[PDB]
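>>> Structure of the sequence below:
(chains A and B)
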Protein chains: 2
Amino acid sequence: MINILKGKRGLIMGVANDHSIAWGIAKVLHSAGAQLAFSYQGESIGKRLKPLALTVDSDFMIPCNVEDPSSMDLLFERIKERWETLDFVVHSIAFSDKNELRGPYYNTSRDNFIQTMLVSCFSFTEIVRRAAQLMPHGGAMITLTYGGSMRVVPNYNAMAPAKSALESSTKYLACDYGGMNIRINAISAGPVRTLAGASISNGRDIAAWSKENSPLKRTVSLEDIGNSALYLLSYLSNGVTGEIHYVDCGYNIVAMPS
Amino acid sequence: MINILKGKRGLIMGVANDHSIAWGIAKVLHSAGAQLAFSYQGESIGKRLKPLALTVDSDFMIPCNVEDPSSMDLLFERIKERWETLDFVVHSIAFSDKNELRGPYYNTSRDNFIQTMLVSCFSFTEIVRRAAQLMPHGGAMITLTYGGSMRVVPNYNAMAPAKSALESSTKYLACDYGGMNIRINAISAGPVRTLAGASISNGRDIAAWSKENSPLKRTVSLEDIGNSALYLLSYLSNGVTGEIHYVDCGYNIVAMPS
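Numbering: from 1, shown residues only, chains lettered A, B, ... in the order given. Shown next is the protein structure:
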């Protein structure tokens, strides 16, 4: 039905388990023809990733700590052992100390702010600038964000400035690389049920509120995000760059409950 | 004649010389009645600040390194020596490596990204959470930003995500402290003639373009910014918090030149 990534290959970052946004995206991209490589943040994740990657015809899995520039250098050296070029990158990496994603934003620690900034924001710049070197004929990349970046979500705390910075960087990178025909966009996802509850202390409440008050009366699925990614990483979105694209079932447009 | 800050006391951060945004602000707030305390970064700045502060009837000058939490604690102990409470805080503190405010954003270094984030963004959180302890009956604070945070200005580079993160944190802090009747807002200033060229490589060109293409055909003055600060820090803006307020002579509204 759709094979618009036939012959294409790319890197998926951020798979932790079968409920990860990065995994939902990977399944859709592979279904459209893409060959996939995966980073993984640790062995316990790597163990879950192996059987998943096999279901998308991949055994290309590379350990990487995105807080460490040398680790990211090594990631791309490993990619190049097999692939001279890349067509796309998916960056779906959200991290902060979850114990600080509770209570007022002002209690955010300097150390958590720095680490959250490096992992949730700057790692996209690090990854993009390495990957662009493998795109001599252009390509496309996405990162993931959330509307809590510039409207206030309780407990989201350190993740908010991080995601706002990430959105800003997405636009600057789109401008840096547009002349090379590399497009750079972000998906601003809504909360995904089950994932949300695991990701932050009030996640279940955030997802429930979002479902009850979105125009479509449902939360976004992993498959919806994957399909939006397929759009943003394929020729279908040839006219689109630097876009913060809401895939949140319309939640963002609602001013107050009906 | 204006005297709406009669009897009020406030902290001014970011005076480096008599062309600093923080200084234009200080002059306006003092003219409206405010008593001022000033932070200063380093001894040469201190020597410049002494005669300036005297012209606004202040000798209340306190050293502070906004990268050093211990130093910020000491700043507030020194304030508490004279003043049980504060009515307002002006945060006009921005820094990035000038060598990296040119060329593509993607060449931003990790260390510069981190330092720019800590100085230009997180220091506002550090300062606000200390200052709120001096505002038992409420008060008002502002920070300074620029529209390059979410629309791409050439060479603005690392400052862009930092300002975007700052704008995000402004809104989160406004929610944290609103229950205490502390209002927190940002002025998104346009470029100021002469300060602009001193601040960034192509600053003169940014200022000239903004002047030629703004609806008002002029650049914002230090006094304009100070008057807007006076609004945002006095009773006049009692209905305003979490606002990113553009004081850029309307430049932001223009889609393309006439």
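>>> hang on, isn't residue A:98 packed against residue A:201?
Yes - using Cβ atoms under 8 Å, residue A:98 is in contact with residue A:201, at 7.1 Å. Using the backbone N, CA and C atoms, a C-beta is placed for each residue, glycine as well.
>>> if I've got this straight, residue A:160 is in a helix?
Yes - assigned with DSSP: H, G, I helix; E, B strand; the rest coil, residue A:160 falls within a helix.
>>> Surely it and residue A:152 touch.
Yes - Residue A:160 is in contact with residue A:152 according to Cβ under 8 Å; the separation is 7.5 Å.
>>> how near is the residue most central in space within chain A to chain B?
Nearest to the geometric centre of chain A sits residue A:92, at 2.2 Å (Cα atoms, centre = their mean). Separation of residue A:92 from chain B (Cβ to the nearest Cβ, to the nearest Å): 19 Å.
>>> check contacts around the nearest residue to that residue once chain neighbours are set aside.
Excluding the flanking residues, the one nearest residue A:92 by Cβ to Cβ, 6 or more residues apart in numbering or on different chains is residue A:14, at 3.4 Å. Neighbour list for residue A:14: A:20, A:21, A:22, A:39, A:90, A:91, A:92, A:93, A:94, A:144 [criterion: Cβ atoms under 8 Å, 6 or more residues apart in numbering or on different chains].
>>> again, but for residue A:94
Counted by Cβ under 8 Å, 6+ apart, residue A:94 has contacts A:14, A:120, A:144, A:159, A:199.
>>> Counting neighbours, what do you get for the closest residue to residue A:152 other than its chain neighbours?
Excluding its sequence neighbours, the residue lying closest to residue A:152 (Cβ to Cβ, 6+ apart) is residue B:175, at 4.7 Å. Residue B:175 is flanked by 17 other residues according to other Cβ atoms under 10 Å in any protein chain shown.
>>> Need the phi and psi values for residue A:183.
phi -100, psi 140 (degrees, to the nearest 10).
>>> Ok, residue A:144 next?
phi -110, psi 140.
>>> hang on, isn't it packed against residue A:13?
No - at 10.0 Å, residue A:144 does not count as touching residue A:13 under the criterion of Cβ under 8 Å.
>>> shared neighbours, these two?
Joint contacts of residue A:144 and residue A:13 (Cβ under 8 Å, 6+ apart) are A:91, A:92, A:93.
>>> Which members of those occur in strands, if any?
residue A:91 (DSSP state E).
>>> Touching, residue A:66 and residue A:125? I think so.
No - under the criterion of Cβ under 8 Å, residue A:66 is not in contact with residue A:125, lying 10.9 Å apart.
>>> Of these two, which one has the most company?
Each of residue A:66 and residue A:125 has its neighbours counted (other Cβ under 10 Å); residue A:125 has more, 26 against 23.
>>> Could you measure from the more buried one over to residue A:232?
18 Å (Cβ to Cβ, to the nearest Å).
>>> Tell me where the stretch 101-250 of chain A has strands.
A:139-145, A:182-189, A:244-247 (DSSP state E, counting those that start in this stretch).
>>> most neighbours per residue, which of the ones you listed?
Neighbour counts (mean count of other Cβ atoms under 10 Å in any protein chain shown) averaged over each of the strands of the stretch 101-250 of chain A peak at strand A:139-145, with a mean of 27.
>>> which residues are contacting it?
Counting by Cβ under 8 Å, 6+ apart, A:14, A:21, A:86-94, A:124, A:128, A:131-132, A:163, A:166-167, A:170, A:181-189, A:225, A:229, A:232-234, A:237, A:244 sit against strand A:139-145.
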